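Engineer: Following this message is one structure expressed as structure tokens.
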Number of protein chains: 2
Amino acid sequence: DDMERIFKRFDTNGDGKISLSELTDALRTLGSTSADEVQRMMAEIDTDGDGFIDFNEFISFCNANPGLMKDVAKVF
Amino acid sequence: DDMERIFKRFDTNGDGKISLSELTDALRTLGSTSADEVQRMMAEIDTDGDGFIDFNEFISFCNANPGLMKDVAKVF
Ligand SMILES: [Ca+2]
Ligand SMILES: [Ca+2]
Ligand SMILES: [Ca+2]
Ligand SMILES: [Ca+2]
């Protein structure tokens with residue numbers, strides 16, 4: 001039920017919908033991550049285990065997560 | 001495309017790979033995103049365009065992006 005729990009973390013007032021202010025506030029948290037949380041994210045994408053994300057790995061991750069380039073990237 | 005563009009933007013020292021520090025900076029950038037930029041991300045996920053992301057829309061995004069959700073779980 002992790003997905004529902006994550007949704008609940010985003011939906012501050014619990015009215016069943018994530019607003020602009022709620023999404024922005026949630027992103028603010030994602031950008032204040034600890035060194036170890038970043039390492040955990042690195043482990044997920046660093047498939048060849050060299051400690052870095054090369055372009056092959058980035059492309060592979062994007063192909064498995066179309067929302068990264070179609071949704072999240074629209075931020076940058 | 002935006003893939004190569006985004007990769008390059010965060011590969012600070014241009015060695016072709018994203019390090020832990022560079023990934024940390026990318027996350028902090030995402031975290032300091034203006035509501036205006038966040039709005040573009042929200043519009044992509046907000047399928048019915050009511051200005052909010054309901055659970056159904058949130059679920060669809062999660063299902064299509066198992067990798068991103070794993071990263072999010074590192075925080076939420
Ligand atoms: Ca809400
Ligand atoms: Ca690697
Ligand atoms: Ca680099
Ligand atoms: Ca909606």
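FYI, it's all coordinate maths here, none of it is from the lab. Reconstructed Cβ throughout: ideal geometry from the backbone, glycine too, with neighbour counts over all protein chains shown.
Engineer: Take residues that are among the charged types (D, E, K, R) and more than 7 Å from chain B (Cβ to nearest Cβ) and tell me which of the helices (runs of 4 or more DSSP H) falling wholly in chain A contain 3 or more.
Structural biologist: Counting at least 3 such residues, we get A:2-10.
Engineer: Another question, if that's okay. Just to be sure I understand, how many residues within segment A:6-60 are within 16 Å of ligand 1 (Cβ to nearest atom), closer than 17 Å to B:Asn65 by Cβ and out of contact with any strand residue (DSSP E or B) (no Cβ under 6 Å at 6 or more places or on another chain)?
Structural biologist: Within segment A:6-60, residues that are within 16 Å of ligand 1 (Cβ to nearest atom), closer than 17 Å to B:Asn65 by Cβ and out of contact with any strand residue (DSSP E or B) (no Cβ under 6 Å at 6 or more places or on another chain) number 6.
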